[PDB]
Each structure stands twice: as structure tokens, then as C-alpha cells.
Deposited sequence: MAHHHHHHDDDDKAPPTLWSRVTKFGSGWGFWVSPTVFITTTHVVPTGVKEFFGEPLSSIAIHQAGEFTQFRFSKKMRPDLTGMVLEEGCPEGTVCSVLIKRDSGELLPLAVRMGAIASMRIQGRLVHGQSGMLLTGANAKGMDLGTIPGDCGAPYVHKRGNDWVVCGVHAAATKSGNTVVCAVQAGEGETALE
């Protein structure tokens, strides 16, 4: 993952977010700060907030990261796809974790129903929630989810994915 791709990973609330484009920001729902009246200096009313389960997407009415190109955001990825979780730590440390993705489905995790995709790490911490799952397609990168959960032990993680009905996912 190149420097510019990492610059998209942003500290947000109790976790992190990812700039898909100059105006689009995605993150995990449970890290989004409520009680606030604005995000990155933009009033809530000037933002289109779409939240589906643990997947949250913000569309600002103003270019927040005009330096970035738009990049492709898909709903999860095919079974077996080896992604990379672009985890940033508060210290600044980068911890890219390779993971082979599994099935997409709605899973009951810690009481809440999470629509995402699990995967097997090839460790994560609570504060990592929001980190983007990415993978390379040709010479460009694609983001397909945001870190939403991990098992206590073992090597299982889950990235929440955007809403969407498909035949490849467990409905």
C-alpha cells in the first residue's frame, strides 16, 4: 500500500475513518462520535450521513480532501480474496495485516447484528475499528470494508460492508 493510500486512513472518534474520495468518508458506526455538532469543521446539516448497521458513509457538500483522487469502494470482495487491513496506531505506527477474506453475511457480534465479511489473518485491537480493508486490482487499490470486530483468540476478523443484496452473500 502506497503512502497516498495510507494518508486516507484518518483518526476519527474512538477509531478511524477512510477517505474514499475528496467528499466521501467511510468508517465503522460504533466509533462515530455522537453529541457533536460537526465533523472536520462541517455542520451535520451539510453532511449526508448514511449508516447501515456497522457501516457508515459520510458525503460532505464540500471537498474535504481535494488532494485525493476518488477510488473504488465495493461491497466486500470475492471469497478467498487476500486483503490488507490498513491499521494505524495512535503512536503513528503502521500495521498492515494480511487477511484472506471469507463469507459475507449478517452476524450477531457482541449483541449487535453486523453486516460484513469475516476473514483469516495471515493482532488487532479495539482502537483499530474503522481501518479499511483494501486489495489490489491491477495497478489500483480497492477498499471493500472497515474493521468492525475480531475474535478474542485465533485469527478471525470482520469488516463491515456497505448495504447491498447479492447472490454471493448469505442472505
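Comparing the deposited sequence with the modelled residues shows gaps at 1-13, 136-145, with numbering starting at 1.
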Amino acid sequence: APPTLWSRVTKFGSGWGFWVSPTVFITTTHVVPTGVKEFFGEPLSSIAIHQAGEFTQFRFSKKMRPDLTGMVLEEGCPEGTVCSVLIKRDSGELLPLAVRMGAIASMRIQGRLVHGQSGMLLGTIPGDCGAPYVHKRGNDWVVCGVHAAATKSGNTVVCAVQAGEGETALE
From here on, numbers count along this sequence of modelled residues.
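So that the term is clear: the rigid core is the largest set of C-alpha atoms that superpose within 1.5 Å between two forms.
Between stretches 48-56 and 124-132, the one whose Cα atoms sit farther from the displayed model in 8 other deposited structures of this protein on average is 124-132 (core-aligned, root mean square). Take 102-110 and 58-66, fit the other structures onto the shown form by the rigid core, and average the C-alpha distances in 8 other deposited structures of this protein: the farther stretch is 102-110. Higher mean CA temperature factor between 146-154 and 15-23: 146-154, per the PDB entry. Taking only CA atoms, the mean B-factor in the PDB entry is higher for 160-168 than for the other of 4-12 and 160-168. As recorded in the PDB entry, 41 shows the highest C-alpha B-factor of the residues 116, 41, 102, 130. Annotation for residue 109: CA B-factor lies in the middle third of the chain's modelled residues.
In this PDB entry, the Cα temperature factor of residue 68 sits in the middle third of its chain's modelled residues.
Per the PDB record, residue ranking by Cα B-factor puts residue 57 in the middle third of the chain. Residue-level temperature factors show residue 29 in the middle third of its chain, judged at the C-alpha atom.
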